[PDB]
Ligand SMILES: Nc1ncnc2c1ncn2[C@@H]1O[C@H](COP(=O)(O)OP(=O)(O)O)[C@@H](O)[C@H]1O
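Given as structure tokens, the chain that follows is alone and in the form solved without adenosine-5'-diphosphate.
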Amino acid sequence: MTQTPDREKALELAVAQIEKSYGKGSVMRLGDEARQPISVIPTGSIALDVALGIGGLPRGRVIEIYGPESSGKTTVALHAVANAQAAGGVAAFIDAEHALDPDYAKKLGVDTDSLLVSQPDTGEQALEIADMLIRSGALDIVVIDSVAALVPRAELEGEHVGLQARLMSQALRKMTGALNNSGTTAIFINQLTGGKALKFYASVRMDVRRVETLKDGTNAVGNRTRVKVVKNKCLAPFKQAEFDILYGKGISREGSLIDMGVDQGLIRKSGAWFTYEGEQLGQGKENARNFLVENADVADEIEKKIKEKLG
């Protein structure tokens, strides 16, 4: 075929036809900039917010955060809970592992007092409680802790396998419509279990892993986490982000502005020195981090400028 411009026109229509019938993110190009809603729940680190593309987590979708035991996951999730909360929204936490540290959560900014928490007897139950809690159109973010811990009635009774992968499927189908119709975003912490089902219904899927144990000079102030969004029907996939999660403090927002500040020219590193638009922030990443945290006025100035240079 001798073609050239007529090809790009047939392809444009093609994609058009696919998008129409299977949805917006049905086909995309890794270089696309497209889409940007009015609704998004910040993750807590600008780094990850841009990797997600839409500036945070998509509302009305089912998100899946998975990873090894002790990388971030819950932290990242608790953050998405604190931010949904900071906009006067209400959060729920269906708990099946019995491992939540309210003190840590309150430190991340979770209004633990108004945190609807429930600890189900079986897995099916856990989904239903989250299902009707979802349908009241009152909840903004609902997090289900551990898909692996959602044991089914049968197994919990004695009465073989193929339980979870069924229990989840039946749920996700039904729960997917309710979600897309309520503007609520559900986060599933997973082990990397419920497998397939969640892997496909989910609009976003994040692989969180602990890169390095942040050397504080002394012992360790935090950990350098790395998320890799393997699935994103909201924007070009396969993007990644690294951020610090300080022991007891959570994700360093300030540490993200610096990292993103330099990689965008907004902050200049003149050899051990960090400078921003004339004046020096400090000597060392942690110094500047501490500078930015004590001086919020300038901290969100950087966040602002970088959000203007992207979105």
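When you see a residue number, it is the position in the sequence shown, counting from 1.
This next part talks about the form deposited with adenosine-5'-diphosphate bound, which is not shown.
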Quick one: of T75, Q164, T122, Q85, which gets a non-hydrogen atom within 4.5 angstroms of adenosine-5'-diphosphate in the deposited complex? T75
Considering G284, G60, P37, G248, which brings a non-hydrogen atom within 4.5 Å of adenosine-5'-diphosphate in the deposited complex? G248
Among 39-47, 274-282, 253-261, 61-69, the stretch whose residues bring a heavy atom within 4.5 Å of adenosine-5'-diphosphate in the deposited complex is 61-69
Honest question, do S169, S203 and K233 all end up within 4.5 Å of adenosine-5'-diphosphate in the deposited complex by heavy atom distance? no
Is it the case that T112, even though its partner is missing from this view, gets within 4.5 Å of adenosine-5'-diphosphate in the deposited complex, heavy atoms only? no
Determine whether any heavy atom of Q191 comes within 4.5 Å of a heavy atom of adenosine-5'-diphosphate in the deposited complex, and answer yes or no. yes
Distance check, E157 to adenosine-5'-diphosphate in the deposited complex, heavy atom within 4.5 Å: no
Test of understanding: in the deposited complex, would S182 fall inside 4.5 Å of adenosine-5'-diphosphate by heavy atoms? no
Enumerate the residues of 195-213 that have a non-hydrogen atom within 4.5 Å of adenosine-5'-diphosphate in the deposited complex, in sequence order, or give none. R210
